[PDB]
Amino acid sequence: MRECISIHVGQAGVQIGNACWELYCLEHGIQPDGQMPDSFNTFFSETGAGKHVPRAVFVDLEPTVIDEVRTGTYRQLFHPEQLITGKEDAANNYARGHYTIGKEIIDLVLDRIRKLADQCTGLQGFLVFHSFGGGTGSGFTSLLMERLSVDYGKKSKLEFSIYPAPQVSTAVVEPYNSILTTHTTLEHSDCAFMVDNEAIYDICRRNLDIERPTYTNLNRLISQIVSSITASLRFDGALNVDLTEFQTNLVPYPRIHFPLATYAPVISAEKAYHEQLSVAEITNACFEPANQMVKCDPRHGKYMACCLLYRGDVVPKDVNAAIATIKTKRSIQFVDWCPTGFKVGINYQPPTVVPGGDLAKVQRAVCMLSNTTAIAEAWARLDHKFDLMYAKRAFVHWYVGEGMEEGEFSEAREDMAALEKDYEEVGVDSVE
Amino acid sequence: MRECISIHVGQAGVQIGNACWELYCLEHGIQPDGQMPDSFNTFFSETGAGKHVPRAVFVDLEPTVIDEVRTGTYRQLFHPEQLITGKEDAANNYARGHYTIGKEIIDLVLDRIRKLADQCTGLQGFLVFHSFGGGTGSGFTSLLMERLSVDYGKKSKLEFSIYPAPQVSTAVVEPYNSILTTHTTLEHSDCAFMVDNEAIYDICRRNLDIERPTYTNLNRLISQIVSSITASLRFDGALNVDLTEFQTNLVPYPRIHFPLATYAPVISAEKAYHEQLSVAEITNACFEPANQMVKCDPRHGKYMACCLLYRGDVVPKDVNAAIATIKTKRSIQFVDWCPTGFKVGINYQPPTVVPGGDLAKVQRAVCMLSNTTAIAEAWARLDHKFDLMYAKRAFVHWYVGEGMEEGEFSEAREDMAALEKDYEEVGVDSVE
Amino acid sequence: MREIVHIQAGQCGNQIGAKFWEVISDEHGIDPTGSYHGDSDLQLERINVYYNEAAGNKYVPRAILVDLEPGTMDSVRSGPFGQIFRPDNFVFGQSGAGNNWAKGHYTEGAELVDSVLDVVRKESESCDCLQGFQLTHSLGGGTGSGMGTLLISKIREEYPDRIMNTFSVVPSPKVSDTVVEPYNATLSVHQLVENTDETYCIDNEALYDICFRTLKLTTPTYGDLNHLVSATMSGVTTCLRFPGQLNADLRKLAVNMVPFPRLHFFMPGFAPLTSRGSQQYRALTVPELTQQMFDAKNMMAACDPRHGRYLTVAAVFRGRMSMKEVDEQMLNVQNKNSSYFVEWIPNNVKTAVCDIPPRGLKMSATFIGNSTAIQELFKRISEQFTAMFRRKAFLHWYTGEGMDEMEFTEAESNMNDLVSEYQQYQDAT
Amino acid sequence: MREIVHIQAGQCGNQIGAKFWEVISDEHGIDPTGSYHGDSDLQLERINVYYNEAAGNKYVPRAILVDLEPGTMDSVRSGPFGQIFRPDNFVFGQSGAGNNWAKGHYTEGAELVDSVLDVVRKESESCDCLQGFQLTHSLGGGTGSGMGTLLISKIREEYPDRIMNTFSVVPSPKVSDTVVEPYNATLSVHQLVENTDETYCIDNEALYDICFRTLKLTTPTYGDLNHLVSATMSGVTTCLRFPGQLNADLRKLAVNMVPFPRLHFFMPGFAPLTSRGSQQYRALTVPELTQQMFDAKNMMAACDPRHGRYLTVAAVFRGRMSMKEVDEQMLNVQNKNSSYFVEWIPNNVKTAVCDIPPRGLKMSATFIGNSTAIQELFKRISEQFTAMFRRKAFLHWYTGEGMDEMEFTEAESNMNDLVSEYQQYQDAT
Ligand SMILES: Nc1nc2c(ncn2[C@@H]2O[C@H](COP(=O)(O)OP(=O)(O)OP(=O)(O)O)[C@@H](O)[C@H]2O)c(=O)[nH]1
Ligand SMILES: Nc1nc2c(ncn2[C@@H]2O[C@H](COP(=O)(O)OP(=O)(O)OP(=O)(O)O)[C@@H](O)[C@H]2O)c(=O)[nH]1
Ligand SMILES: Nc1nc2c(ncn2[C@@H]2O[C@H](COP(=O)(O)OP(=O)(O)OP(O)(O)=S)[C@@H](O)[C@H]2O)c(=O)[nH]1
Ligand SMILES: Nc1nc2c(ncn2[C@@H]2O[C@H](COP(=O)(O)OP(=O)(O)OP(O)(O)=S)[C@@H](O)[C@H]2O)c(=O)[nH]1
Ligand SMILES: [Mg+2]
Ligand SMILES: [Mg+2]
């Protein structure tokens, strides 16, 4: 009787969520029409008749990709009041996402949410899926997450934001949106998870043996990560994990709260054989620097805390056998002040296969949610990209004339550099 | 064995009543020919043969829209003595409705009524449906309601008058009819209910998802309100309500007796799913300021008294659960002197669907009959519209030459402003 | 011997009795036809108290049903057990209340009461030795209140010695049915403190709590709510219709529970209460009945006895049980709760033991409790009363039926004197 | 007589008891329905200590189960033996812990404990002469720790004379479940040293060793791990539910094992332990039980007794055995291990002999051992504790629930004083 709604913002919000809600409907025997031939009380509010609806909110400022849902396969599955659309887009502007277009529909978005928390009773926390790049994923989320701390506050809020790549940047002004959206979400979102696109392209080439992935293949492996976290709600396990526990074990200080995810094993169907897929085999694939989903070599930095989730037929003894190996490897090191940086999670059910996917029906899977100091190296380049574009005052005039004071950049730069030195304190060891 | 006749005055009277008597004939298995293949003793006097007739009176000064009844579907259903017509119309004049054309047929209207009360024995009260705008709805009603207090007096008289809109005024001289018809009905009609057109247009667009409604779609949702009040007569319920109780719980002072109605839930057939329609879900939709049917934001004013009616399969326990929520919300406030401002009504039968309608076959429905101080804000603008037109003495000469002294405006303005300060006394709280 | 005439008044006054006569019929084994199809012999030994024997081996209840409209009376005769009553006894008016105490007691109540006092006086004479009357009504509405209190003013004048008790329904604290229920309460309570010998204050707020928390029911209807009130009502006169090892009656409950003739507002209690899934694991023995009664949530009044003090406690048990196992519990609740009882009345626990259980359950009990906890009840009415009276809101409806303002003063000032009386014995030495 | 009320707390606190009540049910012969289908007569002679008799020849456990979420409570009622408990006793919250000792003991623990102390106090009074309470929880999580220690602070205040013992689970040395378990340990240990009369420190690191090395199991689940802890728990009170030739109980194990009222942290041990392929060749006689206990690897604590010294040793045997064959072994382990025992307590071996064996095995034993070996345990916590506290990492989560830094100082300084006390008696003369 514990529930958790999910918000999806913009085109980054919807297309990730489409494969996600595809996966949830398969793991509970849910037809797309809502019929089915308890356990599933978490993500579905049951109607009086034999029909189920998700506890979902899809919001976008531009009505293009929303119409895929109202015409596609998953058409009769949603309440059409929950598919909030817009007329004009933010168009990669933080100002249009937060000031111009945001202040006209934000009341309609908040009003549908407060209807959802009333019919729930086990309201644990929130999920917001967006990107740092686009204006809707940056601006509209920044206005939304401020209202939640005003409204709810004590409920633990999570974000799977698409952190921008080091090199493969689709949009141009991503060093402007990503700084300003960080200066808002730092105070309100207690925990956020970063996943980069570029490393997934490296994973899809090297291990999936698919040279040509679309956004669909990226949306499958992200959807495994979402289901692997909320698995302790949808099924009983031997050792459960709750969404309030993630902000406890992964926030050592209230500024630095940016871990990163890695899913394992990632193998194809014709390569599903030829290896036994033991728990000790797959756990070395977790901490391997090549197999991560964020382009940050963790051997540059230091692991602050780690949170492992196992699902399937998982031996409780061999998990104790696996971690005893990794605490002895010299190549992986932890921070000096933290001796015990693990959080173990066991659940009985395996992740199923999506029909027409690429991963095979494995018996076990790991979602590594670890936090490191190696991510700060990515911040220094992104802040160095910010200083280059701002020095020539390029692309600023699009932002000034849309309800934004020019001095807001010089303030938001200083708090970012204040976050930059916060990693430098954790990096050094103890005194004496 | 308790009966209640209904009077319909003018084109506002008949076209509302056409959908209403359509709905009553469906909820008792009544063919339009009067045949049918106890409970229905309230609104029908049974003939000796197998044929039923309504206890209705349709009156209009102009014979246009009456001929729809004598030629349309409901043709053999009425006694043709009850369809009183006229030759010339009032034509949006209060004087022709009350002095010229009124004094020539008012005796024929009163004579048919006194035949109706003799064949009845459980005469409870009266229903008069008209508008403040048109001359027939203003003038002919004002002469009629005076005669009833002369004749009956102690019988409780109700009115569903169409209160004029703030902005969408079809007729031009509505600030002249609405003031003068209020100066007559204030003394005689103990209780009257206001319903505006404009908010129904807002309801039909936003929730019914019908961009193009005619007067038919407005006539359906008003007809639900009429059947939801008289449901305790036509069916036995767990907790009944009588037409003498409405003037008790909703008249705190004998001047201010103007509540306003709101029906809920209002959903379409393809949106009939995707929500469970619980009693706690629909009751928050009642006090929502967007869902009302009178363009007056209730958060501007204060709720004096409220009267809720539930019909269908209604849990008696959850009604106690629903009201316990609303007494705790800060956005809705009551007046300081009234601690206990609720009147609960439960009946077993649901409201049925009209064939070819838009609302779906729900299991429960609410008619909120609440009275507020927020309606006085509408009176101040309507009295300010009155002072503008009277200052230039425009449109007065049509009224002087039809049996009306010019000084009657200056008297009727003062009693209206006397009503205007009566809301100001109730608005302040107690002393010490 | 010792017959009782039952009177009903109001829509709430009707539906309780329809549930109540349903229970009493099964306690003797009376069919919905009206004949006898019982099994044992003690079912018929005291049948004459709530029934008059008719010919052809058929029995009729000694009931009187009063309402101002033909609506609620139509619902009673059409449901189950709608044939058991004599059709002459159904008195019904045609005007209707209007939910108005002024109309209930002066205008339309005075016209119909003459048609009631014929049927009342006829049923009193046909019995050998009348014991007393009991009335089921409410205080919120008009017909339950104004027509209700008018009878009690006329009953006591023609029969002073006969006892007179009321199963009224005091309105709830949180939700409120009638807007003018503070006017309805204060005018009715002023009549209850003159012509009633005791009062059983029952609150619907307690009934929604019991049916949800203890019975574990998702959608409890009034048929489940009004079922528990009838079990209390039957549990009061259960020693009069059956023999017992210590026989109490209405008069023994009158004198033992009333120390002073004003202080006669009581709260009930019932035990056991087993839910559907919880019925088999609970060991249903005699001390398990004791610890279920004396808490707050099992009372049918919406006031905790912890705020006040008890004066007298009646216990009416039902079933083949031993006295030592009863007396050990009744002594023990005095000792550890020595603060909650009052000091200057020693042995303030009245015990009554019947023999025959109700249907299905192997044993049962019925709690009657007097307390100073009800001073929060009347003050919550009295605070809401003057808050409406200071602005003269809703006043002209009562005034328009020929009622002076001095009536409200003599009603309300007599209430606060009673509240001071409960305030006096709360902190006495 | 001498009844015991069992309390559970946390997800680890639930699953042990579900395994534990599975064992106790088979020790008397109680079906998964709840009735009795046993064979002998001594099964029912002392049944009333862990059960209250209900009617219809059905029995219920005297259990109390507490967790902050409806998840783990749903798993217990849905598995086997999910019908034996009374459904009223399942107390469960809706907020959840968050794996936080601050939330477990101050914010949400304080709101739910009032709903627990009703059910605790009801089960205490219904028993004739209460013996004492036992608690199964953990120290790592939030609901096992904060909600756990809050009860023990409230149990001792309402019942000082009753004994109070804990089957906690101290976290392992190598692997670590909770990152903030040093904060969770130090704040919970400060409550355990005030309101508990003894503590049974069990480590999961020992359990993965025993199920792999001795039982020879490839994939041992928690059902195999938690099975051995229950056999220790049943082996402590095995002389209370059965007659014996030397009857010990909780109080005899209280006084004999505790020399000083602070030093009350104990380690358990179980014997015999035969694997599947190794069960027939091992001669299972009385001295073979003796040499299996006193080594390092058969302890359920993750600390070698060779580093420290024993203070008191309890031995609770089960089965028809001779005393001379027992006393020869208990004398002999004193002599050759004269260094490992302490000098200034002569005869530091307590012997307890039951009669009836557990199911299947012909005889059994249960080891309770006090030692100074546990000073390595708390110092390994205390070294990890200040290593996190010097940087104030993970501090604001506890601080944000209204908790001062002085609480951590008074917790940690009281720990090191206890560590110095074990350091004192290790090298005394
Ligand atoms: N993981 C993932 N990233 C995507 C997908 N589609 C787009 N992106 C990312 O989205 C970012 C571009 O921003 P958008 O989300 O398209 O923009 P927006 O938030 O919708 O707002 P507008 O600029 O108004 O369209 C880039 O970082 C892309 O990598 C997808 O299906 N999956
Ligand atoms: N709700 C509703 N209002 C209507 C309808 N038809 C007209 N009105 C309202 O009626 C008012 C105009 O009054 P009329 O009824 O046409 O005039 P009349 O009372 O017949 O008087 P005459 O024109 O002299 O005959 C306006 O406020 C219209 O909005 C209808 O079908 N439904
Ligand atoms: N216990 C109980 N109380 C009820 C029931 N129905 C209504 N009530 C309560 O009784 C009061 C309404 O009584 P009611 O009999 O209808 O008034 P009346 O004046 O006598 O009758 P009416 O003219 O107004 S329809 C309210 O306080 C309401 O909460 C019921 O089934 N059970
Ligand atoms: N012996 C044993 N220990 C267990 C078992 N499951 C978990 N543990 C241990 O208990 C601790 C986890 O207990 P847990 O009850 O879940 O914490 P909680 O706060 O009370 O519950 P939660 O809110 O966090 S889900 C860890 O130290 C873990 O190693 C089990 O089945 N057996
Ligand atoms: Mg976009
Ligand atoms: Mg007209």
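Protein chains in written order, with the entry's author numbering: chain A, 1 to 37, 47 to 441; chain E, 1 to 37, 47 to 441; chain F, 1 to 429; chain B, 1 to 429. Just so you know, even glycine gets a beta-carbon here, dropped at the ideal spot from N, CA and C.
Please confirm if the region 226–238 of chain F is in contact with the region 8–22 of chain F, defined as three or more CB-CB distances below 8 angstroms between the two stretches. Touching, per the Cβ criterion.
Self-check item: Any non-hydrogen atom of ligand 2 within 8 angstroms of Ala-201/E CB
Solution: Every heavy atom of ligand 2 is 8 angstroms or more from the Cβ of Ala-201/E, so no.
Original post:
Quick one: is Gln-291/F near chain B, going by C-beta distance under 9 angstroms?
Top reply: Yes, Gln-291/F counts as interfacial toward chain B.
- Item | Element boundaries [alpha helix (DSSP H), containing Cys-20/E] | Residues 10–26.
#### Entry: Interface positions of the region 70–85 of chain B facing chain A (Cβ-Cβ less than 9 angstroms), listed along the chain
Flagged, chain order: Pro-70, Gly-71, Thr-72, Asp-74, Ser-75 and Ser-78.
If you reduce the DSSP assignment to three classes, tell me which class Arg-318/F lands in. The answer is strand: DSSP assigns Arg-318/F an E or B state.
Simplified DSSP assignment, three categories, for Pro-359/A = The DSSP-derived three-state label of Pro-359/A is coil.
task = Name the one or two DSSP bridge partners that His-61/E has.
result = Partner residues in the beta bridge of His-61/E, as assigned by DSSP, are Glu-55/E.
Spatial distance of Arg-320/A from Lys-174/B (CA atoms):
In a straight line, the C-alpha of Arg-320/A is about 22 angstroms away from that of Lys-174/B.
Name, please, each residue of chain F whose Cβ falls closer than 7 angstroms to the Cβ of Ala-55/B. Ordered by position in chain F, the residues that pass the 7 angstroms Cβ test against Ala-55/B are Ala-283 and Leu-284.
How would you write the range of the alpha helix (DSSP H) that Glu-3/A sits in, first residue to last? Element bounds for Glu-3/A: n/a, residue is neither H nor E.
Let's see if you can read the secondary structure: which residues bound the beta strand (DSSP E) around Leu-215/F? The continuous stretches of beta strand (DSSP E) do not include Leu-215/F, and DSSP gives it neither H nor E.
Worksheet item: Is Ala-374/A near ligand 3, going by C-beta to nearest heavy atom under 8 angstroms?
Response: No.
### First through last residue of the alpha helix (DSSP H) which encompasses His-28/B
For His-28/B, the enclosing alpha helix (DSSP H) stretches over residues 11–28.
Continuous alpha helix (DSSP H) assignments of at least 4 residues falling wholly in the region 152–226 of chain E
With a minimum length of 4 residues, the continuous alpha helix (DSSP H) runs that stay inside the region 152–226 of chain E are 183–197 and 206–215.
For a cutoff of 9 angstroms on Cβ pairs, would you count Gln-128/E as touching chain A? For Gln-128/E, the closest Cβ of chain A is not nearer than 9 angstroms.
### For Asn-337/F, the first and last residue of its enclosing beta strand (DSSP E)
If you look at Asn-337/F, you'll find it isn't in any beta strand (DSSP E); DSSP assigns it neither H nor E.
**Message:** Does any residue of chain A have a CB that is nearer than 9 angstroms to the CB of residue 447/B?
**Reply:** For residue 447/B there is no data in the structure shown, the boundaries of chain B being 1 and 429.
Q) If you measure from the beta carbon of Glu-125/B to each beta carbon in chain F, is any gap under 9 angstroms? A) Yes, because at least one Cβ of chain F sits closer than 9 angstroms to the Cβ of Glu-125/B.
What three-state label does DSSP hand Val-371/A in the structure shown?
-> Coil, per DSSP.
Point to revise | Contacts around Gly-269/B, its chain only, beta-carbon distance under 7 angstroms, and the 5 residues preceding and following it disregarded | key: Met-293, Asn-298, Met-299, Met-300, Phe-367 and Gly-369.
Fill in: Segment limits, beta strand (DSSP E) that includes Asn-370/B
364–371 is the extent of the beta strand (DSSP E) around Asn-370/B.
Original post:
From what residue to what residue does the alpha helix (DSSP H) around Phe-389/F run?
Top reply: Under the DSSP assignment, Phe-389/F falls in the alpha helix (DSSP H) whose first and last residues are 375–389.
- Message: Please tell me whether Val-182/A has its Cβ less than 9 angstroms away from any Cβ of chain B.
- Response: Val-182/A is outside the set of residues whose beta carbon lies under 9 angstroms from a beta carbon in chain B.
With DSSP collapsed to three states, give me the class of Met-406/B. In the three-state scheme derived from DSSP, where H, G and I count as helix and E and B as strand, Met-406/B is classed as helix.
query = Considering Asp-67/F, what are the terminal residues of the beta strand (DSSP E) in which it resides?
reply = Here the beta strand (DSSP E) through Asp-67/F covers 63–67.
key: Under 9 angstroms by beta carbon: chain B residues contacting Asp-245/A   = Within 9 angstroms Cβ-Cβ: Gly-71, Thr-72, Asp-74, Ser-75 and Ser-78.
Quiz item: Would the C-beta of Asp-98/E count as close to ligand 6, meaning under 8 angstroms from any of its heavy atoms?
Solution: Yes - ligand 6 has a heavy atom lying nearer than 8 angstroms to the Cβ of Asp-98/E.
*Taking the CB atoms as reference points, tell me whether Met-164/B and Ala-9/B lie closer together than 9 angstroms.*
No, the Cβ-Cβ distance between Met-164/B and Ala-9/B is not below 9 angstroms.
With hydrogens ignored, establish whether the beta-carbon of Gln-176/A is closer than 8 angstroms to any heavy atom of ligand 1.
Checking every heavy atom of ligand 1 against the Cβ of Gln-176/A, none is found closer than 8 angstroms.
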